[PDB]
Colleague: 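Quick one: this structure, given as structure tokens, is what I'll be asking you about.
Side-chain atoms are counted along with the backbone in the values below, which use heavy atoms only and exclude waters and symmetry mates. Numbers for residues simply follow the sequence, beginning at 1. When a ligand or atom number is given, it counts from 1 through the structure's own listing order.
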Amino acid sequence: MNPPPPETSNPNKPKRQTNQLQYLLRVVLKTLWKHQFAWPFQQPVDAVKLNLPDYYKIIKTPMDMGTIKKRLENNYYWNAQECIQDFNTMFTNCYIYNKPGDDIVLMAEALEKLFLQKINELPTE
Ligand SMILES: Cc1cc(C)cc(Nc2nccc(-c3c(-c4ccc(C(F)(F)F)cc4)ncn3C3CCN(CCN(C)C)CC3)n2)c1
């Protein structure tokens, strides 16, 4: 079975809007979402449908851009570093589960290169 997706709304978690979090949603997430290679990363890994019975035996901290989108739009994050961490967790999950040079890994690496280019332009708080 698939696990439930990560929490994206918490009424007990304090909320904040910052110029950096706005940039992460309106620039970073939007740009990665529209990339030709984004489609495997736009939702939780459906290990049942994809026939990956071991995915959630290996990946105990799942993450994906659909979850990141919801977290951003819900003001789930207090600081930009939490969101940057979620992107990095997503990429690392892909690398852990697969092998260097795999198609999906080349796709993730291209997305990560673009992500890092956009983070280098993160505005000061
Ligand atoms: C290239 C390609 C080819 C095909 C046919 C379909 C897809 N679609 C797709 N959709 C969602 C996840 C993945 C995916 C991820 C993966 C891991 C972590 C994340 C992250 F980052 F979100 F966490 C994101 C993604 N890892 C491997 N796959 C593939 C590898 C190839 N298999 C083929 C069948 N296999 C049983 C042998 C299917 C799963 N692939 C992609």
Side-chain angles (χ1 to χ4, degrees), residues 1-124:
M1 301 167 62
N2 296 321
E7 191 168 13
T8 53
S9 181
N10 191 332
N12 213 43
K13 191 181 183 295
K15 295 187 166 197
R16 181 164 79 151
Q17 297 208 238
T18 74
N19 61 321
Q20 291 184 336
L21 286 169
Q22 295 172 334
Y23 174 91
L24 284 162
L25 177 58
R26 289 202 174 258
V27 175
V28 181
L29 188 283
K30 173 180 173 186
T31 300
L32 277 52
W33 194 277
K34 298 163 86 125
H35 196 274
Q36 166 194 339
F37 294 158
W39 49 276
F41 307 92
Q42 289 172 340
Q43 60 283 308
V45 175
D46 189 341
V48 172
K49 173 169 286 303
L50 295 164
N51 192 22
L52 308 176
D54 60 340
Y55 185 77
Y56 291 109
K57 298 184 179 183
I58 294 169
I59 298 306
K60 302 304 194 182
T61 310
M63 190 51 56
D64 65 278
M65 296 202 298
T67 297
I68 293 168
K69 179 180 182 286
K70 290 179 177 180
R71 287 180 168 194
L72 283 165
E73 66 199 9
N74 291 345
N75 303 301
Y76 180 88
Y77 302 117
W78 186 260
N79 57 60
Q81 186 44 52
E82 293 176 276
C83 176
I84 293 167
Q85 185 53 67
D86 279 351
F87 275 106
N88 282 327
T89 294
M90 180 186 76
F91 293 127
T92 302
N93 287 345
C94 187
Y95 302 151
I96 289 166
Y97 186 71
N98 299 285
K99 302 166 59 78
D102 286 351
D103 290 326
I104 192 69
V105 169
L106 297 175
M107 294 169 77
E109 285 175 348
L111 295 171
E112 186 184 15
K113 178 177 179 179
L114 184 55
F115 170 75
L116 292 170
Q117 293 169 341
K118 294 304 185 184
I119 294 302
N120 286 341
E121 308 178 58
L122 187 74
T124 64

Colleague: Report, in ascending order of atom number, the atoms of ligand 1 lying under 4.0 Å from any heavy atom of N93.
Modeller: 23 (F)
Colleague: Hey, which atoms in ligand 1 end up nearer than 4.0 Å to a heavy atom of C94?
Modeller: 18 (C), 21 (F)
Colleague: Any side-chain donor-acceptor pair under 3.5 Å between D54 and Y97?
Modeller: yes
Colleague: Identify the protein heavy atom lying closest to atom 26 (N) of ligand 1, giving its residue, its atom name and the separation to 0.1 Å.
Modeller: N98 ND2, 3.1 Å
Colleague: In ligand 1, which numbered atoms sit nearer than 4.0 Å to a non-hydrogen atom of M63?
Modeller: 20 (C), 22 (F), 23 (F)
Colleague: Can you tell me which portion of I59 lies within the under-4.0 Å heavy-atom range of ligand 1? Options are side chain, backbone, both, or neither.
Modeller: neither
Colleague: Hey, which atoms in ligand 1 end up nearer than 4.0 Å to a heavy atom of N51?
Modeller: 36 (C)
Colleague: Please work out, at 4.0 Å between heavy atoms, whether the side chain, the backbone, both, or neither of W39 comes within that distance of ligand 1.
Modeller: side chain
Colleague: With a cut-off of 3.5 Å and sequence neighbours excluded, list every side-chain donor-acceptor pair involving residues 109-120.
Modeller:
from	atom 1	to	atom 2	distance (Å)
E112	OE1	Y95	OH	2.6
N120	ND2	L116	O	3.4

Colleague: Just need the protein heavy atom nearest to atom 9 (C) of ligand 1, so name the residue and atom and give the distance.
Modeller: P40 CB, 3.8 Å
Colleague: With heavy-atom distances below 4.0 Å as the criterion, list the atoms of ligand 1 near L50.
Modeller: 10 (N), 11 (C), 12 (C), 36 (C)
Colleague: Does atom 30 (C) of ligand 1 have a protein heavy-atom neighbour under 4.0 Å away?
Modeller: no
